[PDB]
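Asker: Build me a model:
(chains A, B, C, D and E)
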Amino acid sequence: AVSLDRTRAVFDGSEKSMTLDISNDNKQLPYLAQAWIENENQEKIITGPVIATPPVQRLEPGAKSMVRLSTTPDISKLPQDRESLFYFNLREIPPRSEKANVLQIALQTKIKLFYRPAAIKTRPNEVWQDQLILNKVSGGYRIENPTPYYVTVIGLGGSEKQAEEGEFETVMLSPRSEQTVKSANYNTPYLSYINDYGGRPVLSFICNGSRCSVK
Amino acid sequence: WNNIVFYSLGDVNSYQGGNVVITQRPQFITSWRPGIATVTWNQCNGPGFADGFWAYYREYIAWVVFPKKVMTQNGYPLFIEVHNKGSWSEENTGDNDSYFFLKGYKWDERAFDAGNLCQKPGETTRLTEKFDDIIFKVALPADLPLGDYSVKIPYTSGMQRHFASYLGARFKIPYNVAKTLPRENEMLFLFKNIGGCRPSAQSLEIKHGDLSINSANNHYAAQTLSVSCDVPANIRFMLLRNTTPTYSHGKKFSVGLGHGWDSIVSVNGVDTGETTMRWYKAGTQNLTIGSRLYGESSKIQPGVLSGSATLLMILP
Amino acid sequence: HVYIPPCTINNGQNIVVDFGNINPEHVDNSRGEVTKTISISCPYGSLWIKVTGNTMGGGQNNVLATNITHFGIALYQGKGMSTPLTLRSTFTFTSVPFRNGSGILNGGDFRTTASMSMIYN
Amino acid sequence: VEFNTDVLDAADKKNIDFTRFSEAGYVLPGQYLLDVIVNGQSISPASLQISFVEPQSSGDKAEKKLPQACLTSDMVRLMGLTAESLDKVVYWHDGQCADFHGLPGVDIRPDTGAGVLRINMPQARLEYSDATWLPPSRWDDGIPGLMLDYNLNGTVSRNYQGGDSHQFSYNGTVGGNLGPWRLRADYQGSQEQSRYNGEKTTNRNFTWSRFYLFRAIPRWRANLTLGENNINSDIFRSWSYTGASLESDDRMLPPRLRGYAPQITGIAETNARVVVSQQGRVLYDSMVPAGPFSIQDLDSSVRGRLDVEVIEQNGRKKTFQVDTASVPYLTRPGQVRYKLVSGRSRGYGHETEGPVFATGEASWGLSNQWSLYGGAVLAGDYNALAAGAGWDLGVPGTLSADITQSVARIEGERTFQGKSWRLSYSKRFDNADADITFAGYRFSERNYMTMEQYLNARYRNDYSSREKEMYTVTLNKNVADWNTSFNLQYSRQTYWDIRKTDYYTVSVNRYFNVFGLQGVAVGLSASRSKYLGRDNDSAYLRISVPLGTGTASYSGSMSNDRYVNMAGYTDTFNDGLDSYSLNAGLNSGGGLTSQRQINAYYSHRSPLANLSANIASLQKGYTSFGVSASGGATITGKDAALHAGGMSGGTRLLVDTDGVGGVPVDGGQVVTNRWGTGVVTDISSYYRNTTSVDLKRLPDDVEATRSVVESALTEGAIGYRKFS
Amino acid sequence: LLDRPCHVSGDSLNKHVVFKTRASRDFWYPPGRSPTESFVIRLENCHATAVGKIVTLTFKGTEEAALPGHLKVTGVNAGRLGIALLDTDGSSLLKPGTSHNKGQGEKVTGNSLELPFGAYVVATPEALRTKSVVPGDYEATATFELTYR
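Answerer: Residues are numbered from 1 along each chain as shown, chains lettered A, B, ... in the order given. Please find the structure below.
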């Protein structure tokens, strides 16, 4: 299996390249980690702003290897005041069988990458979600973002247990825009969100009428 | 039989030494005066009186013994050496607390004289005998302060008589009983010093800060000393040995610091220990005592350095 | 002597435990203990190693603190997790994260400072 | 194994033909940040980036390419590869692949996953280049600048009578390097500054001891020194000279090949690896090839025996013992050591001349533990030709000989012929650890002479004291559970027709602990100068018991009516900014004179300049209050600096910055001053020195990004290291 | 292992079952049916009610113009044979590019989660009425994509 070291990919605009180690856990048959890049609107793109080092590379069983990503001038010519979304993928292919009617099983793990520019770079201890405003709408809730960073809400509850246990559809939202997600009415909302590395904290809010602020 | 009767001299003389510097040698004459004498040691196992009716032969051996080393009021020794031999017969130079004078000039004479063979210690007599003088030079040490001095050298000058019973009896007095004689003679001589050659430091301390042992090799530790005088001489430098050298490095005079860690001592660049420098005019010379602590035979030994280096100035 | 000598520490290099990038939430019975072998150059042993630093609450005495909560880095001597070390030749110590509790974790990338006090005889 | 080509990752053709490599380690191009290693050890930190392009120039029918790292010229200039023996690395353009198939035995493993790329090469034309001792191919020379290093003193002399005066012993060793050549000149000798009273001394001293110019030659491995210098005590006695001197120093070679040791022989059949431990420490472990193997990597600081066992591909091992000599002048077989001095002879003063000088000395090491040496003095009126050999017999001991015919003619009609001999003996580690490290048999005739007789007056009144047969055994025995190395020495100086003087001593250093911590070293000795009268003895007693912040010690000796003792109770403290000492004592001048005395010390090593204070005394209870300061400065370089530890004038690096107030450098704790330059001087020679930043004691105004950096001083050179 | 949640482990890495098919007995009579086989895939460190919060699985592949909703087969029967993948309930067909329904069918066995998958071959009706199926070796590729939030 293609073991991915951490749950997200983060790369700096002032740096030229960074390394991410991969490691296969198989014991007998070798696999190859091939890497390619697609954009936001799911079209294949070999040119563009991100140039990929390893498109096809193989690793022996019980070993480890890496994937480094670097820059083209198209990353310079896009706006540096907000993030952009694109994605790099890696799949393992097993060896083919000589027999007829063979269904080959290939697996891949999908993790997103966010581009942080040097001008709006964050320090590692920064809790940047300490400024979000909450607005009561009838029938659901509207996600509004005054920051240029991405916001994905998969949870809203009256406690911690209903926020992590309750069924809620995953949605992605672009910066400085809005969209409506259906939910019930709660007095003191506790919101779930995802950080850069995969930890699970919870935020506490206080509501003043119909507009709420972070406690 | 061999009975020994001792009788020591009783003279007191004075002399003015004048103005001296430390490397020059003031000559002094030790004149002999045939004066009064006092008997101090008697032993009787034979007869006491004799009327002179038997044939009796006599012998004579003189004894003037002065120490080379002498205690002063301030505690430093005077290393005095013998300048000339003359018409003497030198024997037993291996002693360090006493030199020894002996003189045989008359032998094979039989007497017909009546006298006192075993004498009591309480008598004084008449003395008339003229012989050659002695010449004396005083070597000043390395350290001496200025001013006036009244140094007293204790010396026992005497004249004994040897009487035995058979012809061809050559017998000498043993050394362990000869040094037990009392302090009879004194000499009131005076000296004046304005100050000659003396080192200004007189401490010789070697210390510094701290660093690791990986850079302890090819080290440097120097301390200089200035020597000043006003008389043209030929000075000689000698470093006296106090400790033991751990490992053999050949002909190099190394000063041990303890625990198997010695140190090479380089006097003004040349690693020799002893040097030779002469004087030219007024001014001063210097002795830079540098030291390399390279004594490691691939084994480190942590121990506190508390050595020493005693200096002394031998003059030729 | 008068000289209290420092021998050496990994021939004048910087000491950094390269762990790659792994998450602080793991099972406390087997983990990614990256083995580090540090040599010390002696001139000719008479040496003991003391590691100090800030610690967290409880009765455990083998973890140095970080700049953010719910994750620490634990140290043990030699190959094998049997004997831990109380907080020419060589000495081996491995740094591995150890966790005894669940809950909220705020922060994932880290850097640590470990002070090794070398007292000579 | 074969794989599935029909998975179709990209709908458009990526056209990099992804089906042929199904069974050579092809990493397709991009860039990496790994470091570089040769035969297991590292060279530089992981900051360099060497790229790799594919060999499209190779026109074949099989169409297979292998990505090798296209190494650029500057990193191969610092990798440790020689440039004069292999002229194949000099003709490639940077765009193509610099091939490695021309030299034999090199296989490349370009592993981008672990990132280390291990490469083996044969042991005949390599620079090993480990943790210390950088190769001579990459050198940063010194910047044009002047430098000084002082050590001041000064005291008060209070006596019971006469008067008072002061002393100011200020010396000085200036040095200026403009490019490679540096002048080491001593501008100050010794001085004096007195107080005013009724009796004046007022003597101003001046002399100049040694002026010389020197620079190391890395091609023929020597260091020529022109000016005032000194020769070692190999065969002849030492005297200061003036002129050139091509002397092979010991500091220019690596520390693990430092010293003399016999090489090991043997026949191998496969690639084995020799690992050896004397009593518990592994020193060298590497692979050695087949055939008549003879590795010359280390002849280090180990006295004797070691068990050479080889382990080949299956595991059987053979062992055999080798013997060592450990005589003070043996050399490495196959290498040259020489002393070629020329110029003119010096006298007593600085302005004293003499005859023309030319003295040659060399050494030659042949195989199977054979060695030659020889002195050749070619002059107009003095010819002393020396020749000798050295032998290692093994178990009974080692031998050496010295044949030397010295013929010369003095101008006062005196024909001079003379024959001298010398034998050297040694012994290896027995069961009771008895070792005779040196045993001389220097034999001199009635007509041997040194150069010192003609430069002085015609009357000399001394021939020499070292006239006839000598024997000097120096046994050192160590017994277990006591940690005692007791040593005895017996010397023999000779006279003619008057009594002989015989020096012989016995010393013992035992180790025990009574009511205290471990670390107590206590010594006892017995020395005695023999002749027929006055058996003069000499015995010293010294005990040292530490308590961490104190060391109780009494070092008393007694030769003849002179007994002393001490009462020291000081050591160093916790953080290290200052150091103190204090001692008591009592002397004995023979004639009932015994009174107290006091010696103390008061230092503080400030990072601008280290300084001390000293109160001392002597016999008749004096008082000498002093103040001493040391360190140096580097005036008129690119910028000025002042430091505090220097062994001579040189061997130190100066780290530079801009706009800082003060930052301490580790290993000596020197902070920078107001213009911001710091220089550490308590370091060694010919090693890879690294200087870092202290993270636990920095102020909150500056930030250090690049900590680790490298430098290169041979001796007397100043580095150049800027950090941001 | 607690690192990388909802991951495929080292024991269940290579699943391979060989289809026992013959053209004249299964793709010749109109009902186009052969026996259906079961597929087992377990996801370690993933929770039952928390499945939609972390991972959603969608099938990737090229769409067929004459038969919507199945996987591409190549060889001598390109466009003639189809592979229909079964859901956990065994009845609903999951089109390539459409996401998996969270809920029913999952088995919480310990700290892992069992997902019973299916794999099945379906013949083309135009090829069934015209009997154009030729016996021989058939090759196809499959790639399951897990979309992590």
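Asker: Any residues of chain C in contact with chain A? List them.
Answerer: C:20-25, C:67-68, C:104-109 (Cβ under 8 Å from any Cβ of the partner chain). For every residue, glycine as well, the C-beta is placed using N, CA and C.
Asker: Could I get the full set of strands for chain C?
Answerer: Secondary structure of chain C (DSSP state E): strands at C:37-40, C:47-52, C:63-64, C:73-77, C:89-96, C:115-120.
Asker: most packed of the ones you listed?
Answerer: strand C:63-64 (a mean of 20; mean count of other Cβ atoms under 10 Å in any protein chain shown).
Asker: In its sheet, which strands sit next to that strand, and in what direction?
Answerer: In the sheet, strand C:63-64 lines up against strand C:73-77 (antiparallel) (DSSP bridges).
Asker: so how far is the strand it pairs with off the chain centroid?
Answerer: 5 Å (Cα atoms, centre = their mean, to the nearest Å).
Asker: which residues touch that strand?
Answerer: C:17, C:33, C:51, C:62-64, C:66, C:83-85, C:87, C:91-98, C:110, C:112 (Cβ atoms under 8 Å, 6 or more residues apart in numbering or on different chains).
Asker: could you pull out the helices for chain A?
Answerer: A:160-165 (DSSP state H).
Asker: Residue nearest the middle of chain C, spatially speaking?
Answerer: residue C:75 (4.4 Å; Cα atoms, centre = their mean).
Asker: Show me what that residue is bridged to.
Answerer: Residues in beta-bridge contact with residue C:75 (DSSP bridges): residue C:95.
Asker: Please report how far the closest residue to chain E within chain D lies from chain B.
Answerer: Residue nearest to chain E within chain D: residue D:7 (5.0 Å; Cβ to the nearest Cβ). Counting by Cβ to the nearest Cβ, to the nearest Å, the gap from residue D:7 to chain B is 61 Å.
Asker: Hmm, that residue is touching residue A:106, no?
Answerer: Yes: the criterion here is Cβ atoms under 8 Å, and residue D:7 meets it with residue A:106 at 6.5 Å.
Asker: Quick check: closest non-adjacent residue to the residue of chain E found nearest chain B.
Answerer: Closest residue of chain E to chain B, Cβ to the nearest Cβ: residue E:3 (44.4 Å). Spatially, and ignoring its direct neighbours in sequence, residue E:3 is nearest to residue C:23 (5.3 Å; Cβ to Cβ, 6 or more residues apart in numbering or on different chains).
Asker: my read: the one you found touches residue E:5, true?
Answerer: No: using Cβ under 8 Å, residue C:23 and residue E:5 do not qualify as a contacting pair, with a distance of 9.4 Å.
Asker: Common neighbours of these two, please.
Answerer: residue A:7.
Asker: can you pull the contacts of residue D:688?
Answerer: Counting by Cβ under 8 Å, 6+ apart, residue D:688 has contacts C:11, C:12, D:131, D:132, D:133, D:134, D:710, D:711, D:712.
Asker: can you check residue D:257 too?
Answerer: With Cβ under 8 Å, 6+ apart, residue D:257 has these contacts: D:296, D:297, D:298, D:299, D:300.
Asker: Need the three-state assignment for it.
Answerer: With DSSP: H, G, I helix; E, B strand; the rest coil as the basis, residue D:257 sits in coil.
Asker: Closest residue of chain A to chain C?
Answerer: For chain A, Cβ to the nearest Cβ, closest residue to chain C: residue A:197, 2.6 Å.
Asker: if I read this right, residue A:129 contacts residue A:201, doesn't it?
Answerer: No: between residue A:129 and residue A:201 there is no contact under Cβ under 8 Å: 9.5 Å.
Asker: And for residue D:68, the neighbour number?
Answerer: 17 (other Cβ atoms under 10 Å in any protein chain shown).
Asker: Which residue comes closest to it once chain neighbours are left out?
Answerer: In space, residue D:68 is closest to residue D:97, 5.2 Å off (Cβ to Cβ, 6+ apart).
Asker: hang on, the one you found packs against residue D:56?
Answerer: No: with contact defined as Cβ under 8 Å, residue D:97 does not reach residue D:56; the gap is 9.5 Å.
Asker: Just confirm yes or no for the strand with the most length in chain E near chain C.
Answerer: Ranked by number of residues, the top strand in chain E under DSSP E is strand E:112-123. No: Strand E:112-123 lies out of reach of chain C by Cβ under 8 Å from any Cβ, never closer than 14.1 Å.
Asker: just so I have it, where are all the helices in chain B?
Answerer: B:175-178.
Asker: what does it have sitting close to chain C?
Answerer: So chain B meets chain C at B:207-208, B:210-214, B:216, B:298-300, B:302-305 (Cβ under 8 Å from any Cβ).
Asker: try it again with 7 Å
Answerer: B:210-214, B:216, B:298-300, B:302-305 (Cβ under 7 Å from any Cβ of the partner chain).
Asker: Residue B:35: neighbour count?
Answerer: Neighbours around residue B:35, by other Cβ under 10 Å: 12.
Asker: Could you measure from it over to chain A?
Answerer: Distance from residue B:35 to chain A, by Cβ to the nearest Cβ: 110 Å.
Asker: From residue B:238, how far off is that residue?
Answerer: To residue B:238, residue B:35 is 43 Å away according to Cβ to Cβ, to the nearest Å.
Asker: follow-up on the earlier one: got any residues that touch both of residue D:7 and residue A:106?
Answerer: Common contact partners of residue D:7 and residue A:106 (Cβ atoms under 7 Å, 6 or more residues apart in numbering or on different chains): A:93, E:143.
Asker: quick one, which of these two is more surrounded?
Answerer: residue A:106 (18 against 15).
Asker: what sits against the closest residue in space to that one that isn't next to it in sequence?
Answerer: Once flanking residues are discounted, residue A:106 sits nearest to residue E:143: 4.6 Å by Cβ to Cβ, 6+ apart. By Cβ under 7 Å, 6+ apart, the contact set of residue E:143 is A:91, A:106, D:7, E:60.
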